[PDB]
Protein chains: 4
Amino acid sequence: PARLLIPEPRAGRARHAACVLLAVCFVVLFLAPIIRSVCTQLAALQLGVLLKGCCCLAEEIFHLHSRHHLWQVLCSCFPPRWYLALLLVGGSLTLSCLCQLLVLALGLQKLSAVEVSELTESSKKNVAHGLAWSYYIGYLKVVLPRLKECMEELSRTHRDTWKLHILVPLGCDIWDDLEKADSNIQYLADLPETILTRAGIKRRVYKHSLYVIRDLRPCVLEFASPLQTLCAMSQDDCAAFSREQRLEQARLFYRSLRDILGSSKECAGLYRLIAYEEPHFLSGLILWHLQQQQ
Amino acid sequence: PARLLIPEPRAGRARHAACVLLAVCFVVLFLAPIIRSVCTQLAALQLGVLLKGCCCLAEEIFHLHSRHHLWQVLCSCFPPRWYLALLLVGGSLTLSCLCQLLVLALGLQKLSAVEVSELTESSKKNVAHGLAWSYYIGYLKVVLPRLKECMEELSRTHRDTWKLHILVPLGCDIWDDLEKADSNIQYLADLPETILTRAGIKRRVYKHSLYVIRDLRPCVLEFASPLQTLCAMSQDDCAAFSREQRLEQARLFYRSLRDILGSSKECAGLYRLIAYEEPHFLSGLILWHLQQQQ
Amino acid sequence: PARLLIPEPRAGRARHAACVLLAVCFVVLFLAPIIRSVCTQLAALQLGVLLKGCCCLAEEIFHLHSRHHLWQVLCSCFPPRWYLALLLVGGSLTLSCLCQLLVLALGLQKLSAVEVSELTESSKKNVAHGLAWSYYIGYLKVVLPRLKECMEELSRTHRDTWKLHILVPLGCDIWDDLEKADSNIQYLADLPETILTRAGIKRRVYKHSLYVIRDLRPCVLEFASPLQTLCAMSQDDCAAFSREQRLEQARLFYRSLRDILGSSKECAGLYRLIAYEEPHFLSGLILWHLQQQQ
Amino acid sequence: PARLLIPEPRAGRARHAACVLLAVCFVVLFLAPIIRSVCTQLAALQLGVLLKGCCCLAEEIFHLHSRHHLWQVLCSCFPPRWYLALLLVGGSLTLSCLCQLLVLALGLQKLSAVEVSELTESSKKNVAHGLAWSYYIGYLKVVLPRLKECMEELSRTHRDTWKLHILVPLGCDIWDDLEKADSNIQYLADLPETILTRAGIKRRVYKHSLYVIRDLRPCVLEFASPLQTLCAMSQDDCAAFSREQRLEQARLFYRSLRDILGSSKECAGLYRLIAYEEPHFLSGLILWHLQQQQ
Ligand SMILES: Nc1nc(=O)c2ncn([C@@H]3O[C@@H]4COP(=O)(O)O[C@H]5[C@@H](O)[C@H](n6cnc7c(N)ncnc76)O[C@@H]5COP(=O)(O)O[C@@H]3[C@@H]4O)c2[nH]1
Ligand SMILES: Nc1nc(=O)c2ncn([C@@H]3O[C@@H]4COP(=O)(O)O[C@H]5[C@@H](O)[C@H](n6cnc7c(N)ncnc76)O[C@@H]5COP(=O)(O)O[C@@H]3[C@@H]4O)c2[nH]1
């Protein structure tokens, strides 16, 4: 199997390194008269933060009813601990205000790549987490409990392997015809369908397929579909989206899906996530996962 | 029809208000000796930004190969115009460094609601835009060109109305049985299906339905499905997601879908977005949209 | 008809404004001892220009036979009036040479948008002029004299309208099926073909089509084809090409084609350039051009 | 085969030679008091660049809506790093301004041959690259996948040679009758045609031809057509275009076509670029390329 390097979540040791550098710099400040001097700089920052809120009253007043329907807007305007800044302003000029305005005009407070990356993958509001929730709720929550009955119905036409391997290709190749993927992968038949009236559509139909892979074992197998969506979210270039970020979002999607099916409760063992990169081959990986459980 | 208040995109007039306040404050500074003093504050900011990059070398060194595979990491570490800060540091102490570290330790640089809102909806990497791209590529790109032929095939069993009204309920109510939605809405039949081998599944089936609404007109009609996903992304509470943000994300989804089908090229006039809030009724709105085109 | 804003050629009034500002600044220098001082700056420029030529001997010596097959290279190296610089250098140091080299190293002589725009559209070597020459020589020079005979041959199966309206959509929409463009535009038949042995291909075939547009008039009509090429020169993104520059290049193409058919001598009145932007409609514009000549 | 000398792309070693001459001149300046003197010359340049922008406000104000529809114009007016010039102007007269205006009036900033050559072939907006994109998209993208089927259809009336040799004569001779090119080249038959509704023309027809060359081998063969366009872009003299630049543009065209078919993905091996100069002969070169693959 190929080496799976998916990124871990952020541990948050940067604050620890900042604290250590703070303590070391205080020790070198060792080897009372200057503490007031600290305040002469400190509220100098906390003015400008307030200034940012003042400018954020600018556009938000054009969004009163359409986004916020007064006190809600000013509640949303500045960071929530606003009284510390005024508390520090009271404990004491135009140069500071003009410097903060000269910063805020030219826009030199642009965050870097790693900061927006941690802000993206920290919140659960990016593309990959929402799309993984869509794939979990819309498909996997519904089909997977009805898998064993259709398997038994085809059985009247190996109980360890009655699962649903989801191929998750961390990359670009997504194929509709898996018989073009290898000469070893062969189509045999399909499962009995599933009929559900979902979201106004009456009798929506979910299907499957059964693939026999030999040298001599059957399995159910399909691709994780919405990666295909990402495959058109950068090729068509109508979304601001790059290939390196495409690989990043695919790894994030596999990580989020692994997390969701980790704390899943209905999906007992019926799923089996197979993920890979491009280093024939795919049948060899399928056979390795298939023999691994036995 | 109900009043549709969807939020406009950010115009960006806050920078203009900052510039105006800058010019006015410079005029009051009117009515050369102090400009060097500006630099004594100015690089005082640009040190600390560099300090943030120093702390962002901390956790990123635990993410060398798993996210970035040296120079790529330091390239991603600080904001890209790094030389202006060192240029300003050269033009001239421990108090400034300790103040910036004391800020970065306690974490008082937390962005407000409106800043993270503009950062979210500014980039095309939130939940609603990616999910709208999924609904456009997976379903609307495929089905809609094959609509007229199925309509003509049922016609051999009103050409102005041969469309697909997508009900987009900006709210919480999403129903599977539209006959429970009103006594006026009646199910009649379904369109001939669509069979496509998509993403490894052989013979995936797309269906539709035809609803006759009288007092005396037929139409095709369905719900925008993945809003249902959002309806379970906060009720189950396994995602950090609120109801006010649910209404916000639904309005954002309708806006993004309106934008995508605005610049669409295959979907000629075959879609017709109907969106509403909860103020019987739904049939009255459907009849108003249906009579509006004629 | 929509308002056609195509850009005029460059008149060249910027040199006039420079001359006026020169004369005014000389008048303020009024209200002999300093003229030598002028030379102390003046050759200071004309050294560095020579320096640019010295650095342009660098890469060109790697291109001796492959691009230039000595005296040809140095002839091509610097600007052609080289003796004025040495003439000014003789009339009199290391600071000037080091300043010019410090400029040429960091590359601060990067031209702006308007300068490269005037340099592009000034020379007849851009994309749009060459592609318009291709469309004039390859197609319009050959087909158009043989139009009336094919029209008369279909006439034995309104002489004011026997022309070839070339639709030039200044934009993005280019359609292969003009019957999908409007319900009013209808296909009737095609002209008799044209057979020519061109560029090694024996019996290359040129065709046409005849469209009847009613409410009750026929016309010949086709799209300006190579705009489609521009439609794939930025969407596929394999060329450095933007949409705003796509609209600019399309307007430039229509202007160049209008110029070429202006001074044309074989194409008497048989062409009729119809161009438009996107504000049904297209048939209305076609009927307006069709009724305008009568 | 004749020696193919096509020009390589610009490597960019001239900046390296400038940097080396800078370092050597600094070393001779070795073997603090003068650095301010540098600035007394340095902003003396950066004023005049700003002056160029001032004069470029002159004609552009006559092009407000017709090319740019204020802030867009001034954004396009000067080079984008405008603040460095004012930053250097602040760190300190009429002689400098009058010298820069006296330069800009007489127009002694005319670029040389090699500078406009690198600016032309550097950007992808010259004649040859756009015309090569036209020949790739309009013809080679469409015909070449349908080649093998027509070859097999004539085969039912040597699989290594089923290709399309494009003759690219880097020169002036382009002939319509290849049987006049040599007694050895003989016409036999033509391929089955290709019918496509392209750009409003219904049933546009693409053809081919099959040439048997003996002493005893067949091949498909045609000329690169739009070189013929260049053959009329200087002979008719309606475009500013010379014969030496004609050979240069032809070599540039062959290089760009070689690059495009290098990164091509549909055209597997079906093309085979044959290019030559004029030193019978052409059949000998064709036979050498034909025997080379076997
Ligand atoms: N009304 C309706 N009838 C349909 O048959 C249908 N099929 C898809 N869709 C909607 O279009 C989109 C395309 O599916 P996508 O591939 O992007 O992810 C889909 C897909 O990965 C998976 N899935 C759903 N149905 C099938 C199916 N029949 N076969 C395979 N996978 C399916 O579950 C994901 C989410 O489905 P929904 O989020 O409930 O609505 C889908 C989806 O929004 C449908 N909508
Ligand atoms: N409407 C229409 N019907 C035609 O039959 C036709 N034939 C040519 N053209 C247009 O005129 C011009 C002349 O072709 P050129 O030789 O300069 O390069 C042409 C030519 O090199 C090649 N090509 C296209 N069709 C053929 C063809 N039948 N035979 C050989 N070569 C062809 O592809 C190039 C680009 O074609 P288009 O860029 O899509 O439009 C062409 C072109 O703009 C046509 N336009």
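Residue numbering: from 1, along the chain as shown.
Structure determined by electron microscopy, 6.5 Å.
Any Cβ shown, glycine's included, is placed from N, Cα and C.
Quick look at what Swiss-Prot lists:
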BINDING   D:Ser134, D:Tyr135, D:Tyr136, D:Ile137, D:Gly138, D:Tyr139, D:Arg204, D:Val205, D:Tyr206, D:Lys207, D:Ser225  2',3'-cGAMP binding site
BINDING   D:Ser134, D:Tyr139, D:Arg204, D:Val205, D:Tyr206, D:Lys207, D:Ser225  3',3'-c-di-GMP binding site
TRANSMEM  D:14-30  transmembrane segment
TRANSMEM  D:36-60  transmembrane segment
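Recorded features from Swiss-Prot, shown on the structure.
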| residue | record | contacts (Cβ under 8 Å, 6+ apart) |
| --- | --- | --- |
| D:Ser134 | 2',3'-cGAMP binding site | D:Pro226 |
| D:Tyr136 | 2',3'-cGAMP binding site | D:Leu257, D:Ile260, D:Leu261, D:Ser264 |
| D:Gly138 | 2',3'-cGAMP binding site | none |
| D:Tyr139 | 3',3'-c-di-GMP binding site | D:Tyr206 |
| D:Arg204 | 2',3'-cGAMP binding site | D:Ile195, D:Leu196, D:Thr197, D:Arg198 |
| D:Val205 | 3',3'-c-di-GMP binding site | D:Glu193, D:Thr194, D:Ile195 |
| D:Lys207 | 3',3'-c-di-GMP binding site | D:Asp190, D:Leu191, D:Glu193, D:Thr194 |
| D:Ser225 | 2',3'-cGAMP binding site | D:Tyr135 |
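Other Cβ atoms within 10 Å of the Cβ of D:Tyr206 (2',3'-cGAMP binding site), summed over all protein chains shown, number 17. If you look at the deposited chain, D:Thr157 and D:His158 flank 6 residues with no coordinates, and their C-alpha atoms are 15 Å apart. Secondary structure at D:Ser225 (2',3'-cGAMP binding site), as computed by DSSP, is coil.
In the three-state DSSP assignment, the secondary structure recorded for D:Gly138 (2',3'-cGAMP binding site) is helix.
The model of this deposited entry stops at D:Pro279 and resumes at D:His280, leaving 5 residues out; those two Cα positions are 12 Å apart.
Each of the binding-site residues D:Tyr136, D:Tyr139, D:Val205, D:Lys207 was checked for a CB under 8 angstroms from a CB of chain C; the ones meeting this are D:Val205, D:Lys207. Flanking an unmodelled run of 4 residues, D:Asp215 and D:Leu216 have Cα atoms spaced 6 Å apart. Gap between D:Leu31 and D:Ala32: 5 residues not modelled, C-alpha separation 14 Å. Max Cα-Cα distance over the annotated 3',3'-c-di-GMP binders (D:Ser134, D:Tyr139, D:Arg204, D:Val205, D:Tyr206, D:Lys207, D:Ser225) is 18 Å. Across the unmodelled segment of 16 residues, the C-alpha atoms of D:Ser92 and D:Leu93 are separated by 10 Å.
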